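Listed next as structure tokens is one chain, alone, in the form deposited without the partner chain.
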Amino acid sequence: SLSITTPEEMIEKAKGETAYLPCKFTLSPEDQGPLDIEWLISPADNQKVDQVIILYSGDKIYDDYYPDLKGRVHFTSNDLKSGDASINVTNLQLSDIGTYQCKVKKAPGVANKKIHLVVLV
């Protein structure tokens, strides 16, 4: 088991600003496997869902590799292993509106949490 301590919440920011989407987690004793973190986006302005935007796996970050939000979504912490899977989305666009899901796995534990993002003109 594994818990994401951030609550599901709605972040509202203005176009062109930076959105911080928190995702902080704690581990249970059996979570001894490799830390794996992913974020997915389900945008409001298209019917595509669960698209990967960022991944931490094998102690490497893959961010711009994923086309959605390329160049604009990055992990905020310099130590993800300390329990901080949060991300920043820079230069917010109206197309960024949607539901973002943080997925944290440290085998065998798994947890997920959704953050809703609204961008204001």
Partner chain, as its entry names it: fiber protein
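The term rigid core refers to the most C-alpha atoms you can superpose between the two forms while keeping them within 1.5 Å. Numbering follows the first chain given and starts at 1.
When the two stretches 50-58 and 78-86 are set side by side, the higher mean Cα temperature factor goes to 78-86. Between the stretches 28-36 and 41-49, it is 41-49 that shows the larger average CA temperature factor. Annotation for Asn91: C-alpha temperature factor in the lowest third relative to the rest of the modelled chain, per the entry. The entry lists a Cα temperature factor for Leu120 that places it in the highest third of the chain's modelled residues.
Below: the form deposited with the partner chain bound, not depicted.
Contact annotation: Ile97 falls outside 4.5 Å of the partner chain in the deposited complex, judged by heavy atom distances. Remark: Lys13 counts among the residues lining the partner chain in the deposited complex, judged by a heavy atom distance of 4.5 Å or less. Residue contact with the partner chain in the deposited complex: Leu2 places a heavy atom within 4.5 Å of it. Looking at 4-30, the residues that come within 4.5 Å of the partner chain in the deposited complex, counting any heavy atom, are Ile4, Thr5, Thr6, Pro7, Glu8, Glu9, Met10, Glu12, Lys13, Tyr20, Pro22. Core superposition between this form and the one not shown leaves every listed residue (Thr90, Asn46, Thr76, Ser57) with a C-alpha shift below 2 angstroms except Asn46. The two forms, fitted on the rigid core, differ between this form and the one not shown by less than 2 Å at the CA of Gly33.
Relative to the shown form, the Cα atoms of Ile41 and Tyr65 move together by 3 Å or more in the deposited complex. In the deposited complex, the Cα-Cα separation between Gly98 and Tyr66 shrinks by 3 Å or more relative to the displayed conformation.
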